[PDB]
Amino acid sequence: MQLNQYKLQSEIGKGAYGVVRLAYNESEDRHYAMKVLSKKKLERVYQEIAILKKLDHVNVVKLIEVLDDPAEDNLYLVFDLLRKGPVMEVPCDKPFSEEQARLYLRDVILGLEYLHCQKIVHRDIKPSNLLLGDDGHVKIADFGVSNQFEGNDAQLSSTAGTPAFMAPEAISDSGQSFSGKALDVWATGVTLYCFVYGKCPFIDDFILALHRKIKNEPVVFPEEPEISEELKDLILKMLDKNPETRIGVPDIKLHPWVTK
C-alpha cells in the first residue's frame, strides 16, 4: 500500500483509534510511524490536529504531516519513528534506577512545561506514552485525550485518560470543574513512581476499588527497592490529593532531587 510518498509496511501497535504502521519514504530513505485513524470511530478534530502540528519540542513527539481523502474513512498522521518504543510498560519485573528515573523525569517536566506554555493539557501522561528517542531522551506522545485551553489553565468536567493515572479531584463527586495542569502533575507523579517501582502506587482490577484507593489511600513506598528520602518527598508532593497545594512544574524544577 502506497499513500502518496509513503510505502506502508508492517504494523507496530494498535488501539481504539486504529493502528500505527511503519511508513517508508523512499524519496528521503527514512521510515516513519503512521498512525491510521478511523473517522467513524472518532469538525473539531481537524482544528485540534492542526494545533498538534504546530508543536515543536525535543521532548514532544513531532507530528510531521496529515494525509486525508475526505471521501474516505482513514486519517493518516505521520510522526517521527522512535524504534526503541515506549520507555516502560507497567507492571514490569525490574524498574529503572533512581538516577535513570531522574533523567526521564527531567524530560517529561520540560516537555510538560512546554505543552502548558502552549496552552495544552495532555491528560494521559504515563510510561507507555513516553517514547524513548535514539538520543536517550523520552518524548511525550498520544495527544488523543489532550485539550487546548485559554488563560492560565484548563477548566475540566469530563474525565479522560487512563484510570490509574487520574487525579483524585477528577474522579471525585466534586459538583465542580478541576484544573487540567494539576492533573498532568499527578499523572507525572504516578509515572515517576512507576519509573522506580515498575508498578502503579494505586492498583486494583476493580475500577471502583481503584477509585477508592486513589481518593482515600496514602502513597505507600515498598520496602524494596529503597529510594532516597528526597525522591519520596517529591513523589508525595506530586501525589498530594489536594490540587490546591500539589506541587507545580516551576517548583518541581527547583526540587532538590530534580536539581541534584
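A residue's number is simply how far along the shown sequence it sits, counting from 1.
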Unmodelled deposited residues between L42 and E43, binned: 10 or more
Residue range whose averaged C-alpha B-factor is higher in the record, 127-135 or 73-81: 73-81
Residue range whose averaged C-alpha B-factor is higher in the record, 182-190 or 167-175: 167-175
C-alpha B-factor winner, where the candidates are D107, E113, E99, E150: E150
Ranked C-alpha temperature factor of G248 among modelled chain residues, by third: lowest
CA B-factor placement of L156, once the chain's modelled residues are sorted into thirds: highest
Third assignment of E229 from its chain's C-alpha B-factors: lowest
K213 - which third its CA temperature factor falls in, relative to the rest of the chain: lowest
Chain thirds of CA B-factor: placement of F206: middle
